[PDB]
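Indexing begins at 1, ligand by ligand and atom by atom, following the structure's order. Naming convention: chains lettered A, B, ... in sequence-line order (proteins, then strands); numbering from 1 in each chain. What's counted below: heavy atoms across the whole structure, side chains too, no hydrogens, waters or symmetry copies.
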Amino acid sequence: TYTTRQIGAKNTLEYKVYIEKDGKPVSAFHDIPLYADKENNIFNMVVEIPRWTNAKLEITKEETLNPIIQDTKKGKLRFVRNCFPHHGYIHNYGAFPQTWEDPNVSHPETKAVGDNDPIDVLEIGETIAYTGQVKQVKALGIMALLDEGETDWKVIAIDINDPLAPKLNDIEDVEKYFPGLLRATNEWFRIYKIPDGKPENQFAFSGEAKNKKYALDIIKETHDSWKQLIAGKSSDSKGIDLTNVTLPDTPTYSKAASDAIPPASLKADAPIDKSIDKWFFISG
Amino acid sequence: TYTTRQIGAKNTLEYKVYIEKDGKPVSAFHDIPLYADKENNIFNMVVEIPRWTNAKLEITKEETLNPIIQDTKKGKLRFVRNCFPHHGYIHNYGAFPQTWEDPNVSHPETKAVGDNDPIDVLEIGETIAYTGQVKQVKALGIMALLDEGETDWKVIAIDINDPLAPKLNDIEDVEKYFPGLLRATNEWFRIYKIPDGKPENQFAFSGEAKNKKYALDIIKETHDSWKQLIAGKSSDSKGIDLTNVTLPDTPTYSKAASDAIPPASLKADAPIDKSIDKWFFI
Ligand SMILES: [F-]
Ligand SMILES: [F-]
Ligand SMILES: [Mn+2]
Ligand SMILES: [Mn+2]
Ligand SMILES: [Mn+2]
Ligand SMILES: [Mn+2]
Ligand SMILES: [Mn+2]
Ligand SMILES: [Mn+2]
Ligand SMILES: [Mn+2]
Ligand SMILES: [Mn+2]
Ligand code: NA
């Protein structure tokens, strides 16, 4: 059973959320199995950002056990700005554990190195998720986002517990039951960093949403990249903390790491600067 | 100075927000001047619904002093559903006090009776407002919404404190600085009740957002309607509570009404049913 251990108040630099397995903290990056049900293509998604929120919370690669913390820019807590007609993130945003967008090799489909992070997941279900949540999802498709010139695939997925899950089998179904979502997703990821002073992003395949099988292929490839990483065989692991508590055959396996995590110290959410309210009317 | 007195926890049936003037509750409907600055057409807007929220909070016409209370639905609270690509309300939503969409007569421009409510205001500034807030705004334009067959004008306005207030002077400026907002506004009010089983709404003038001059004329008309109402001279006030504490020449003037209001008893927001998360694709 997966639960969360929160330290500090949300929207602060001290905030951390560790994922616990049966009460004991494990690496949100390496210890949560990619597959919930491999042959049925059911994956374990680690949720980082709830739909319609702004705080850019992320599994941190450089902290032991890889807790979820808020990303920062120029020493300040990072909040993704509101880009009309969107409010914060338009999907429950997260990642697939045990995956890695290898930054050390140019990916052929996108002709760019990976962004050094687990593969990204956009969960489209009706319910708003929570940070640290481990939910089972089925992959429906995938988009080839070039984010700031780096291969940064976005998997389209849905919580298997969603009322519409049974009717969602492949990418075409998303357009049928969530008309306009895929186009909004393409737009969102193209323009969301413009309010930060960054260029518009781009997609390969003219922004086409590749199907479920294509998605599974990329997911599996990133899983293999991670296998090499966790085995300690990457030409450059970028300082990523590979400490894990469930992979005994790995060089960085460490039982002790779990008990070294502080106990929960959850505090009420800290206030967020009113500037984050601002709705930006921008475009590519 | 205007402040708020909150009773109970937000998102519960007991929740009430009264507006206070110098610490004393006053009617949110009748006691707040329509104009903050008449000469410059700067209006006082009573905020009911903060942008991106779902709870359908409204000035209550039938309760003394007209506190803001969440609309109810079959014994429970009423929440507006999320209609893709929108999250709850897409504007700070409220009304102009001392105005009334007369339900007793058909309105020429829309050819329908009014919805019996103060005129509605959409505040487009960047800052998310708060329930019970009295903010000063500039009118930019107006949309002729026919909500479920009733005249239900929607004033487009901007908080005078907004960084863009200086550049926003007439309806055309909304498209210039907030491209797409007006089209989205038209769509929002056309479909927001569909998830509730209601028909799609319609707008007069093909949904055109009339300019400031036009808006000022309609606002003035709803204000004249209220003047008639508050004077006790409407042919039918529809059971609206006309009690006020600042209009001593009105039949329903009663300063004691302020003192009758219980003290603030603010509680933490109550959780909202997760079903309200649902995003509808209409
Ligand atoms: F990432
Ligand atoms: F109304
Ligand atoms: Mn990042
Ligand atoms: Mn990521
Ligand atoms: Mn990225
Ligand atoms: Mn990424
Ligand atoms: Mn109403
Ligand atoms: Mn109203
Ligand atoms: Mn209405
Ligand atoms: Mn109305
Ligand atoms: Na990344």
Side-chain angles (χ1 to χ4, degrees), chain A residues 28-29 45-49 55-61 66 68-71 78 80 89 91-103 114-123 131 142-143 145 147-148 150-155 157 189 192-193 201 219 222 226 240, chain B residues 28-29 45-49 55-62 66 68-73 77-80 89 91 93-97 99-103 112-122 142-143 145-155 189 192-193 196 198 201 218 222 225-226 238 240:
Chain A
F29 194 163
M45 178 189 182
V46 170
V47 178
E48 303 165 313
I49 301 175
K56 216 297 177 181
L57 308 176
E58 287 177 338
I59 297 174
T60 187
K61 307 181 289 296
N66 313 103
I68 294 173
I69 71 177
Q70 188 162 354
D71 189 26
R78 174 183 174 206
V80 173
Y89 280 68
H91 322 90
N92 292 310
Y93 191 91
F96 276 153
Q98 307 188 329
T99 61
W100 189 45
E101 292 279 22
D102 199 323
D115 77 341
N116 195 40
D117 271 315
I119 196 172
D120 299 320
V121 184
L122 309 181
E123 197 276 307
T131 297
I142 195 173
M143 308 183 134
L145 167 66
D147 185 5
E148 292 188 74
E150 306 189 313
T151 299
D152 195 29
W153 299 92
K154 292 289 175 284
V155 180
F189 284 107
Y192 82 114
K193 291 182 175 184
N201 287 318
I219 294 170
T222 61
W226 171 86
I240 292 176
Chain B
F29 192 164
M45 166 191 185
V46 168
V47 177
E48 296 164 317
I49 302 172
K56 220 298 173 182
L57 304 172
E58 301 179 324
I59 287 167
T60 313
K61 302 190 300 295
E62 304 72 30
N66 312 104
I68 295 166
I69 297 174
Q70 187 164 356
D71 197 3
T72 56
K73 188 182 182 179
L77 300 165
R78 173 192 169 198
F79 292 92
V80 171
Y89 277 71
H91 327 86
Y93 194 88
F96 280 149
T99 60
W100 188 45
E101 290 281 18
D102 197 339
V113 299
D115 79 334
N116 194 32
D117 282 355
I119 196 175
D120 302 321
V121 183
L122 307 181
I142 194 170
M143 297 188 137
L145 172 71
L146 273 296
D147 188 13
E148 294 184 75
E150 302 178 334
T151 295
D152 196 25
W153 298 96
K154 294 289 178 278
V155 176
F189 288 100
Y192 84 116
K193 293 183 180 176
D196 307 322
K198 269 85 171 49
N201 284 323
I218 299 300
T222 63
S225 290
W226 169 84
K238 307 302 182 179
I240 293 172

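- Taking CH2 of A:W153 as the reference point, atom CD1 of A:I119 lies at 8.0 Å (rounded to 0.5 Å).
- Other residues, nucleotides and ligands contribute only 12 or fewer heavy atoms inside 6.0 Å of the NZ atom of B:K198.
- Within A:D120, the N, O or S atom at minimum distance from the Mn ion (ligand 4) carries the name OD1.
- Under 3.5 Å, the side chains of B:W100 and B:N116 contain a donor-acceptor pair of N or O atoms.
- Coordination check, A:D152 versus the Mn ion (ligand 4): failed, since every N/O/S atom of the residue sits at 2.8 Å or beyond.
- Note: A:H91 and A:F189 have parallel aromatic rings, judged against thresholds of 30 and 60 degrees for the angle between ring planes.
- Considering just the N/O/S atoms of B:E58, the one nearest the Mn ion (ligand 7) carries the name OE2.
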